[PDB]
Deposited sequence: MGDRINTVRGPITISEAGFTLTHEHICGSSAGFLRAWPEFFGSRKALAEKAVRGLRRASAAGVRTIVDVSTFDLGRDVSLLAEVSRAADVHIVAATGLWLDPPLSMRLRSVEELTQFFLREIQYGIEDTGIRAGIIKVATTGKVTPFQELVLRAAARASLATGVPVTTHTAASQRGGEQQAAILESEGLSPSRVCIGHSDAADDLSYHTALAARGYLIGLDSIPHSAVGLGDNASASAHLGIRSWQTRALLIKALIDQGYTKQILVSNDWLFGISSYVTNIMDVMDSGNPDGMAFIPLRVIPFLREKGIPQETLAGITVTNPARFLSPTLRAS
C-alpha cells in the first residue's frame, strides 16, 4: 500500500520516522507568489527550509506531513522543491484552516467535497501532486461553515481512505465536537488525528479520545519553549494508560510565517533553534531517560504515522 508525497507515491516502509504536523510556510492563498519579498525572497525561504529539513534529516527524520491547506498559503511547488533538495519525503494536505476566503466560505458541503476529492484524486492546482491527508480547523465551538468542512472531509476520507487531521483549541476540548460530527458521517476514529492536543493538560480528554480509537496529536511541543518538558510528559502519561498506539508527535514548526505579526518567526527561532529537529534531538532523549523503551518510541514515531497515513477504507 502506498502514500502520496510531493515526489509521487511511496511505500509504507519508506516513510520511516515521520513528523505528522509541520509546515514549510504558514501564509495565505496566493501570498507567496504575490509578495515573496515578505520572506526576503522565495529563494531565501526555500534555502532556509532545505537547511532546516536537512538538519532534521541529520537527526533521523525521514518524512514530514505538511498540513498547510489552500487558505494557509500552501504552495505545493515550493514543497516539491524543498523535499527534493532536502531529500526528505513531504506529504501534502487538502482541507481548510481558519482563514477561508469568500470563494470557499460560500460553498456547499457537496462543493467542498468535490474540491477535497480533486486535490486527493487528481492533483493540486496543475501540478499533478496529490494530497495524502485532509486538514480541518475549528474554533472551540464549531461554526456552521466549519461543520460543512468537517462533513466534506469525512466524505472525502470515506471515498479515498486518506486520513483527517484537525486543529483544535484543546483548552476548549474542541476535539469532542469535531469527533461527534465526523462520526455522524460514518468516519472511523482510526482515520482521524485530533490535533493540538498537547495544549490541554486534562488527561481525561486525551485518554477518552484515545480509547475511542482517535489518534492524539501531541504536535506543538516546542511552542512552549518560546515548559516543554511538561508537554512531553503527556506522551508518557498516555503510554502509561495503555494508549501507545494512539500517539502522534510533532513540532508544528514552520520556516516562514506571514499569517501573524511581522517578525514572529525570529522570536520562534530564538526559542527553538532546533526547529523540526526538536522532536528527535530533545523530546526522544527526554522520554528515554524517563524509562520509555526505545521500541515504544520507534512505535510512536514510525509505526503510528504509517498506520495513520496508509489509505484505509475502514
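Engineer: What portions of the deposited sequence, indexed from 1, have no corresponding C-alpha atom in the structure?
Structural biologist: Unmodelled stretches: 1-2, 229-243, 332-333.
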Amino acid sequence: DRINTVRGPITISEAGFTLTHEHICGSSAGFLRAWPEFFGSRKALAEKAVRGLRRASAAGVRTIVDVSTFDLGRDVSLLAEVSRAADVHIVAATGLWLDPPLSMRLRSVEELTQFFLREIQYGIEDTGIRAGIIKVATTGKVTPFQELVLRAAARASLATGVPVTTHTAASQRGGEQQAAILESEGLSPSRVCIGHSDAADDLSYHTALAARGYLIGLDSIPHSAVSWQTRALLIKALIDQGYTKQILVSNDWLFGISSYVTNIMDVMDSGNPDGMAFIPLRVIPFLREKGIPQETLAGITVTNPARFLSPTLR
From here on, numbers count along this sequence of modelled residues.
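Engineer: Look over 56-64 and 280-288 in the entry and identify the one with the greater average Cα temperature factor.
Structural biologist: Mean CA B-factor is higher for 280-288.
Engineer: Would you mind comparing 207-215 and 227-235 for me and telling me which has the higher average C-alpha temperature factor in the entry?
Structural biologist: The stretch with the larger mean CA B-factor is 227-235.
Engineer: Tell me, please, which of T113, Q146, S220, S103 has the highest C-alpha B factor according to the deposited entry?
Structural biologist: It is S220.
Engineer: Tell me, please, which of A92, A80, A169, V136 has the highest C-alpha B factor according to the deposited entry?
Structural biologist: The record points to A169.
Engineer: Report the third (lowest, middle or highest) to which the CA temperature factor of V6 belongs, ranking only the modelled residues of the same chain.
Structural biologist: Ranked within chain, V6 CA B lands in the lowest tercile.
Engineer: Can you tell me which third, lowest, middle or highest, the CA B-factor of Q241 falls into for its chain?
Structural biologist: Ranked within chain, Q241 CA B lands in the highest tercile.
Engineer: Pull the Cα B-factor of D198 out of the PDB entry and bin it into the chain's lowest, middle or highest third.
Structural biologist: Answer is highest: the recorded C-alpha B-factor places it there.
Engineer: With respect to C-alpha B-factor, does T18 fall in the lowest, middle or highest third of the chain as deposited?
Structural biologist: Answer is middle: the recorded C-alpha B-factor places it there.
Engineer: Looking at the temperature factor on the CA atom of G30, which third of the chain's modelled residues does it land in?
Structural biologist: Its C-alpha B-factor belongs to the lowest third of this chain's values.
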